[PDB]
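Just one chain follows, in the form deposited in one PDB entry, and it is written as structure tokens.
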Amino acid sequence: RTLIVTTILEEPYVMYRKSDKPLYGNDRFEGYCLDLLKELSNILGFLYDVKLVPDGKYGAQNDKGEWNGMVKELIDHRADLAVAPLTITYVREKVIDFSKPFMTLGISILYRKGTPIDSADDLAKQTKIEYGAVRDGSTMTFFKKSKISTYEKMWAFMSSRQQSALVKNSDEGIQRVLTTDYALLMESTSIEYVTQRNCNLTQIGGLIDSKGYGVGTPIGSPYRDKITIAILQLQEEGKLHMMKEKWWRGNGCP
């Protein structure tokens, strides 16, 4: 009866709450995605247990084409929903069922302020500034699969030297941008959150693609359509907008 919700720590979507005593169960967590789940639970009338994905991955395929991460949890019916910044992509939609998007976004560039760099092609025609993405995430996959010239050049650079330009996670990418001469290809909603908090960083250029985050369900799940309708309701009522402004607003940067 109670639904199992797979998710992953990622600021400001899902974070451990701060407290002076050990926390248990759903009380461990806060964030945009917990607020979304509370609003979805309200509308649809389910109870839920939040479970962190045991392997700490979003969802990609190994050499055998077996999935991992939140995507695999859904496939195997070890979770009923995945509520996280899980990008809606062609390869994932073949294997699980996403709701319609609760957030739309695109890949863009995180870099330091004050420089002459203005676009992905400024990066691509040069080698002094290093640049990369989180290994095996949807942004990397976009560069890997692209047949657009500029993105191909960029993939050749990223993948070169046993992928030394890639990072394991966004926090590693951020620190590399802050310390060295490095630009991170990152989803725009995460760039917005980061630039609101570190005033030496900025987004470079616009969005190079367009995509959404959606709630994952196993293929065939009856919850996919109920959740899509509830998301559309929350969007039209201004509630998704309110939730984004609650979690993104920073107060310290020009």
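Quick note: we count residues from 1 along the sequence shown, nothing fancier.
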So, looking at the entry's B-factor column for Cα atoms, which has the higher mean, 61-69 or 35-43? 61-69
Quick check: 164-172 versus 123-131, which has the larger average CA B-factor in the record? 123-131
Sorting 156, 74, 83, 105 by Cα temperature factor from the record, which one lands on top? 156
Ranking every modelled residue in this chain by its Cα temperature factor as given in the entry, which third contains residue 18? highest
Going by the recorded CA B-factors, say which third of the chain residue 211 sits in, lowest, middle or highest. middle
Third of the chain's Cα B-factor distribution that residue 3 belongs to, per the entry: highest
Chain thirds by Cα B factor, record data; residue 88 belongs to the lowest
Among the chain's modelled residues, which third holds the C-alpha B-factor of residue 200? highest
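Separately, the form deposited in another entry exists; it is not shown, and the next lines address it.
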Quick one: in the other form, is the Cα gap between residue 214 and residue 167 smaller or bigger than here? Answer closer or farther; it shifts by 3 Å or more. farther
